[PDB]
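Visitor: Heads up: the protein sequence lines correspond to chains A and B, in order.
As numbered in the authors' numbering, residues 1 to 25, 35 to 282 make up the first sequence, in order.
As numbered in the authors' numbering, residues 0 to 23, 35 to 142, 151 to 282 make up the second sequence, in order.
Pasting a structure below so you can have a look.
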Amino acid sequence: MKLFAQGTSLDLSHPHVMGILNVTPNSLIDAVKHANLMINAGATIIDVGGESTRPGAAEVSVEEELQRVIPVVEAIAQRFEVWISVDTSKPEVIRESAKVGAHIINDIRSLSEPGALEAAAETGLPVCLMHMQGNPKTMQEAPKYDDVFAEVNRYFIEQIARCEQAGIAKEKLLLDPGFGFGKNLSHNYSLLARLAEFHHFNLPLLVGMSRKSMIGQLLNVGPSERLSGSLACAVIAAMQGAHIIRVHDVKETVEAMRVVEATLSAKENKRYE
Amino acid sequence: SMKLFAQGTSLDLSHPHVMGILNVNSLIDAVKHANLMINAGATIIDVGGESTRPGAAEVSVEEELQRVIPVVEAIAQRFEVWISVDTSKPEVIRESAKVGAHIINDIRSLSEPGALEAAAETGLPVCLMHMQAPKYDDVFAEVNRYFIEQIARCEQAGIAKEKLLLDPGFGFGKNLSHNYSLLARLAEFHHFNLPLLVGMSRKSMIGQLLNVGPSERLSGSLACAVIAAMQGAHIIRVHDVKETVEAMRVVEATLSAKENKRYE
Ligand SMILES: Nc1nc2[nH]c(SCCc3ccc(S(N)(=O)=O)cc3)nc2c(=O)[nH]1
Ligand SMILES: Nc1nc2[nH]c(SCCc3ccc(S(N)(=O)=O)cc3)nc2c(=O)[nH]1
């Protein structure tokens with residue numbers, strides 16, 4: 001499995017670490042400093058995000074998101090070789106990001122915004138499709154599923170079809186179950202436990218559990234006390250064949266991923282189920 | 000519903016347990043460290059540490075008794091935690107059981123003269139660990163047959179199968195490649211229907227892979243624990259108790275949401 005963007009490629013034979021770079025409030038200088046630290050710790054992708062999608066988050070104007078994101082993507086692409094994912098839902102941010110060197114469109118809304126689908130297609134870039142029930146304002150009010158795995162699985166079927174009809178080929182797509190995006194604790198763990206079953210689509214799998222409440226509520230610790238839990242989640246995912254792990258704590262995750270790599274390379278079938 | 004019995008209590012092996020490592035004036039600090047490990051969530055304390063590492067200075071019978079017995083006694087009197095004892099000597103096995111030890115953890119699988127008979131007499135649970151530039155045809159198959167052999171040897175000496183734990187012995191006569199081969203296939207050892215104990219914490223199988231110092235292996239050690247626990251390993255022996263317990267809670271939440279209750 002490989003992805004292609006901006007005249008390079010990304011080999012998904014071994015799990016990759018994606019470092020989180022939030023640029024919600035010198036801002037540009039600190040951002041590039043942080044990216045650099047994450048690159049040196051072994052991150053091969055940086056996820057640049059200028060809109061909070063935490064539960065209850067307020068929307069951000071397109072002009073504000075552009076000012077936060079585009080100088081940061083540009084500065085990174087002009088200095089390093091690391092891949093760059095842009096965590097946005099806005100057509101214009103999608104276009105302007107691709108023009109300045111971004112490689113992956115990581116949309117938590119799966120291109121649901123008006124014109125987002127068409128803009129993503131126009132770039133040619135890889136696209137991550139994430140599951141969310143509802144929207145960030147209300148997704149955590151009362152998450153409810155008869156069968157969460159089935160409903161997330163059905164959602165991916167539907168959204169894959171949707172991207173194909175718009176002219177985005179399967180080979181550009183990634184899937185992400187959306188941990189924390191309209192799920193209670195038990196819903197998140199049902200998805201993590203059956204994650205390997207999403208491989209049937211034959212598409213890269215991306216997960217983002219780092220420091221989220223599925224660790225906090227389970228351990229009864231705050232956000233700065235969740236490293237061990239976060240690593241445990243990362244390893245559980247990567248052992249089931251997840252290709253990209255989105256994290257805050259890059260060095261430590263990269264170390265854990267080596268151990269997973271060694272273990273999978275010693276295994277016959279190269280996955281746990 | 001696997002359980003072990005010792006000293007009038009039981010250990011419920013339906014979820015993974017963290018066994019903290021204790022290094023053996036002494037006694038006050040030992041009880042202090044035991045207390046910290048219990049507070050961090052260890053349910054078993056392994057008594058020995060640096061004093062009992064392979065390569066360490068061999069000691070006389072009377073020295074090992076003087077060093078080990080009062081620590082086991084003091085822990086048994088003050089806490090409800092289970093106590094694993096690191097020893098190869100029959101006298102120490104015997105006297106440890108008298109003062110409250112729950113598990114005999116002999117890396118030599120009771121090979122020294124009298125050790126097997128002394129272990130049998132105590133009625134306590136016994137860990138069967140595999141030990142030996152290393153070399154194997156099929157390291158899994160060699161470890162497997164070693165277990166078949168020790169189970170029969172123990173059963174010969176009157177030790178019920180219900181008291182045995184199996185440990186593949188990470189880092190004992192094994193290069194990096196052999197170690198990862200055993201971890202990768204750890205789940206296959208469940209055919210014995212016996213508890214599985216593993217100890218990878220801070221070992222060379224991490225140190226060599228990541229190329230870092232003894233004190234910088236927490237993340238790889240946690241990865242190892244999680245990999246083992248996801249395959250149904252019952253006891254994980256570690257230095258970093260708090261962090262390992264947190265990781266094990268995540269594994270337990272994952273395994274409770276799974277139909278199989280194990281990854282293979
Ligand atoms: N592909 C992908 N992209 C992502 N972007 C984000 S931003 C996280 C917003 C947030 C924070 C905290 C909680 S909570 N209540 O669970 O702790 C939920 C959402 N996440 C993901 C993710 O997973 N995948
Ligand atoms: N049941 C059980 N008991 C144990 N006791 C020990 S003591 C540690 C000795 C050591 C240190 C370092 C390396 S190395 N060269 O791989 O880094 C090997 C052995 N370990 C274990 C274990 O695993 N199980």
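Yeah, the Cβ is synthetic: ideal placement off N, Cα and C, and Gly gets one too.
1) Kindly confirm or deny that the stretch 112–122 of chain A and the stretch 133–151 of chain A touch, where touching means at least three C-beta pairs closer than 8 Å.
2) When DSSP builds the beta bridges, which residues end up paired with A:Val78?
3) Count the other C-beta atoms from every protein chain shown that fall within 10 angstroms of the C-beta of B:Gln87, then say buried if there are 16 or more, exposed otherwise.
4) Check the Cβ-Cβ distances between B:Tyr154 and every residue of chain A, and say whether any is below 8 Å.
5) Which runs of the beta strand (DSSP E) spanning at least 3 residues fall entirely within the stretch 233–279 of chain A, listed in chain order?
6) Mapping the DSSP letters down to three states, classify B:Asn115 as helix, strand or coil.
7) Using 8 Å as the threshold, is the C-beta distance between B:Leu21 and B:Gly59 below it?
8) Identify the continuous beta strand (DSSP E) that holds A:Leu201 and give its terminal residues.
9) Spell out the partners DSSP gives A:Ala50 in its beta bridges.
10) Determine, using beta carbons only, whether A:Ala241 and B:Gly238 come nearer to each other than 8 Å.
11) Smallest Cα separation from B:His252: which of B:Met18, B:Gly187 and B:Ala107?
12) Using alpha carbons as the reference points, say which of A:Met248, A:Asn45 and A:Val161 lies closest to A:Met141.
13) I need the boundaries of the alpha helix (DSSP H) containing A:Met223, first residue and last residue.
14) Between the stretch 173–190 of chain B and the stretch 43–60 of chain B, do at least 3 Cβ pairs fall closer than 8 Å?
15) Just the chain B side, please: which residues come within less than 8 Å of A:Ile245 by C-beta, in chain order?
16) Rounding to the nearest angstrom, what Cα-Cα distance links residue 285 of chain A and A:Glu68 in this structure?
17) For the beta strand (DSSP E) holding B:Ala5, just list the boundary residues, first then last.
18) Along the chain, where does the alpha helix (DSSP H) that runs through A:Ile103 open and close?
19) Return the chain-ordered list of same chain residues with a C-beta closer than 7 Å to the C-beta of B:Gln6, the five sequence neighbours on each side being excluded.
20) Can you look up residue 28 of chain A in the DSSP assignment and give me helix, strand or coil?
21) Sorted by chain position, which residues of the same chain lie with C-beta nearer than 6 Å to A:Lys192's C-beta, five sequence neighbours on each side aside?
22) Using C-beta distances below 6 Å, list every residue in its chain close to B:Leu212, excluding the 5 sequence neighbours before and after it, in chain order.
23) Taking one C-beta from the stretch 206–225 of chain B and one from the stretch 219–231 of chain A each time, how about it: are there three or more such pairs within less than 8 Å?
24) Using a C-beta to C-beta distance shorter than 7 Å, which residues of chain A count as neighbours of B:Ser237?
25) Comparing the CB of A:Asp11 with every heavy atom of ligand 1, is any distance shorter than 7 Å?
26) Could you spell out the range, first to last residue, of the alpha helix (DSSP H) harbouring A:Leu138?
27) Measure the Cβ-Cβ separation of A:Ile103 and A:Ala84 and say whether it is below 8 Å.
28) Would you please state the rounded distance, in angstroms, between the beta carbons of B:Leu120 and B:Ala107? I believe it to be under 8 Å.
29) Return yes when the C-beta of B:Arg255 is under 7 Å from any heavy atom of ligand 2, and no when it is not.
30) Less than 7 Å separating the Cβ of B:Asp258 from some heavy atom of ligand 2?
31) Select from the stretch 197–210 of chain B all residues with a C-beta closer than 8 Å to any C-beta belonging to chain A, and list them in chain order.
32) Using a C-beta to C-beta distance shorter than 8 Å, which residues of chain B count as neighbours of A:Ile224?
33) Run the proximity test for A:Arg63: is its beta-carbon closer than 7 Å to any non-hydrogen atom belonging to ligand 1?
34) Where do the N-terminal and C-terminal ends of the alpha helix (DSSP H) with B:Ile166 fall, by residue?
35) At 8 Å on the CB atoms, spell out the chain B contacts of A:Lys276, in chain order.
36) If you compare alpha carbons, which of B:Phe4, B:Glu90 and B:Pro232 is closest to B:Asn45?
Guide: On the basis of the supplied data:
1) Yes, since at least three Cβ pairs between the stretch 112–122 of chain A and the stretch 133–151 of chain A fall closer than 8 Å, the two stretches touch.
2) Numbered from its first residue, the first sequence carries residue 78 of chain A at position 69. None; A:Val78 has no bridge partner.
3) In the second sequence, residue 87 of chain B corresponds to position 77, counting from 1. With fewer than 16 other Cβ atoms within 10 Å, it is exposed.
4) Here the question's residue 154 of chain B lines up with position 136 in the second sequence. It does not; no Cβ of chain A falls within 8 Å.
5) 253–256
6) The residue labelled residue 115 of chain B in the question sits at position 105 within the second sequence. Three-state result, B:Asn115: strand.
7) Along the second sequence, read from residue 1 onward, the residue named residue 21 of chain B stands at position 22. Along the second sequence, read from residue 1 onward, the residue named residue 59 of chain B stands at position 49. Yes, Cβ-Cβ distance for B:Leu21 and B:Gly59 is below 8 Å.
8) Here the question's residue 201 of chain A lines up with position 192 in the first sequence. Unbroken run through A:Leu201 is the alpha helix (DSSP H), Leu194 to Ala202; no beta strand (DSSP E).
9) Numbered from 1 along the first sequence, position 41 holds the residue referred to as residue 50 of chain A. Its beta-bridge partners do not exist; DSSP assigns none.
10) Start at 1 with the first residue of the first sequence, and residue 241 of chain A comes out as number 232. Start at 1 with the first residue of the second sequence, and residue 238 of chain B comes out as number 220. No, Cβ-Cβ distance for A:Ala241 and B:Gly238 is not below 8 Å.
11) For this step, residue 252 of chain B is matched to residue 234 along the second sequence. Ranking the options by Cα distance to B:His252, first place goes to B:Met18.
12) Position 132 of the first sequence, counting from 1, holds the residue named residue 141 of chain A. Considering only alpha carbons, the answer is A:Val161.
13) Taking the first sequence and counting its residues from 1, the one referred to as residue 223 of chain A is at position 214. First-last of the alpha helix (DSSP H) with A:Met223: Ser222 to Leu228.
14) no
15) Position 236 of the first sequence, counted from the first residue, corresponds to residue 245 of chain A. Those are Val244, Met248, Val268, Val269 and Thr272, listed as they occur along chain B.
16) One cannot answer for residue 285 of chain A here, as it falls past the ends of chain A, which runs 1 to 282.
17) In the second sequence, residue 5 of chain B corresponds to position 6, counting from 1. Residues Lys2 to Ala5.
18) As a position in the first sequence, residue 103 of chain A is number 94, starting the count at 1. Where A:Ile103 is concerned, the enclosing alpha helix (DSSP H) stretches over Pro100 to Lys108.
19) Here the question's residue 6 of chain B lines up with position 7 in the second sequence. Once the five neighbours on either side are set aside, the close Cβ partners of B:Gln6 are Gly110 and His112.
20) Since the numbering of chain A jumps from 25 to 35, residue 28 of chain A cannot be located in this structure.
21) Your numbering for residue 192 of chain A matches position 183 in the first sequence. Here the set comprises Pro152.
22) Residue mapping note: residue 212 of chain B aligns to position 194 of the second sequence, counting from 1. Around B:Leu212, the same chain offers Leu182 and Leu184 as residues with beta carbons nearer than 6 Å, after the five sequence neighbours per side are excluded.
23) When C-beta atoms of the stretch 206–225 of chain B are compared with those of the stretch 219–231 of chain A, fewer than three pairs fall below 8 Å, so the two segments do not count as touching.
24) On the second sequence, residue 237 of chain B is found 219 positions in, with the first residue counted as 1. For B:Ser237, the chain A residues whose Cβ falls inside 7 Å of its Cβ are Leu240, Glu261, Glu264 and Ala265, in order along the chain.
25) Working through the first sequence from its first residue, we reach residue 11 of chain A at position 11. Checking the Cβ of A:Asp11 against ligand 1 gives no.
26) The sequence position of residue 138 of chain A within the first sequence is 129, counting from 1. Note, A:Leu138: premise wrong, no alpha helix (DSSP H); beta strand (DSSP E) at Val136 to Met139.
27) As a first step, residue 103 of chain A must be located in the first sequence, where it is residue number 94. As a first step, residue 84 of chain A must be located in the first sequence, where it is residue number 75. Result no, Cβ atoms of A:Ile103 and A:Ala84 do not sit closer than 8 Å.
28) Your numbering for residue 120 of chain B matches position 110 in the second sequence. Your numbering for residue 107 of chain B matches position 97 in the second sequence. Actually they do not touch by this definition, with Cβ atoms about 13 Å apart.
29) Here the question's residue 255 of chain B lines up with position 237 in the second sequence. Under cutoff, so the answer is yes.
30) Locating residue 258 of chain B in the second sequence gives position 240, counting from the first residue. False, no ligand heavy atom lies under 7 Å from that Cβ.
31) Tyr198, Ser199, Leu201, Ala202 and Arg203
32) Here residue 224 of chain A corresponds to residue number 215 of the first sequence, with the count starting at 1. Neighbours of A:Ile224 on chain B, chain order: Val268.
33) The residue given as residue 63 of chain A occupies position 54 in the first sequence. Yes.
34) Numbered from its first residue, the second sequence carries residue 166 of chain B at position 148. Element bounds for B:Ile166: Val157 to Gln174.
35) For the purposes of this step, residue 276 of chain A is taken as the residue at position 267 of the first sequence. Listed along chain B, the residues sitting closer than 8 Å to A:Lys276 by beta-carbon distance are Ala202 and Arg203.
36) In the second sequence, residue 45 of chain B corresponds to position 35, counting from 1. The residue with the shortest Cα to Cα distance from B:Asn45 is B:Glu90.
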